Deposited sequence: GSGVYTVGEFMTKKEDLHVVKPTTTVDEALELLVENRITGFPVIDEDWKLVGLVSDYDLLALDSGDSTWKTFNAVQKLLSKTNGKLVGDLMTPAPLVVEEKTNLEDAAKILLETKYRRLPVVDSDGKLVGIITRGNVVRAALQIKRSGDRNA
């Protein structure tokens, strides 16, 4: 495989992450502001520690007033899905594509040799890669 994940992933600076210390409130606000459905969760050393989505934050697994009240408090660390499935930068693009097409996963976190979160490869990234 000559194409790598690092060539088509979403870069670190352009990522919107969240820490386990983050409150559900500001997490939801970040979701709204950045038009997203979830983020990866990192620690202070920028190492991936989990994944968290809207259904985790709103605790769906309930209605409007429940959210009204919810936003008035548990944290991301207690709601996030810990230790997701991960790829690297040097990872062949076709393998990541295999995951993102044979499974129900749309997003795979991309880390480096030290476990530091350095990006995110999405299904849309793969489609774009096929288009470019």
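- Residues 1 to 2, 64 to 67, 79 to 83, 144 to 152 of the deposited sequence have no C-alpha coordinates in the model.
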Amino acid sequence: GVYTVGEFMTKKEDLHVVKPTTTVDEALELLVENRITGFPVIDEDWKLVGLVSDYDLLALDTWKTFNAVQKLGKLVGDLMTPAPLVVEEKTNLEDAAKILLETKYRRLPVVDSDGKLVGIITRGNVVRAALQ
From here on, numbers count along this sequence of modelled residues.
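- Annotation for 63 to 71 versus 48 to 56: the higher mean temperature factor (C-alpha) is found in 63 to 71.
- Between the stretches 33 to 41 and 91 to 99, it is 33 to 41 that shows the larger average CA temperature factor.
- When the modelled residues of the chain are ordered by C-alpha B-factor, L108 sits in the lowest third.
- In the deposited entry, the Cα temperature factor of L15 places it in the highest third of its chain's modelled residues.
- When the modelled residues of the chain are ordered by C-alpha B-factor, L131 sits in the highest third.
- Among all modelled residues in its chain, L85 ranks in the lowest third by Cα B-factor.
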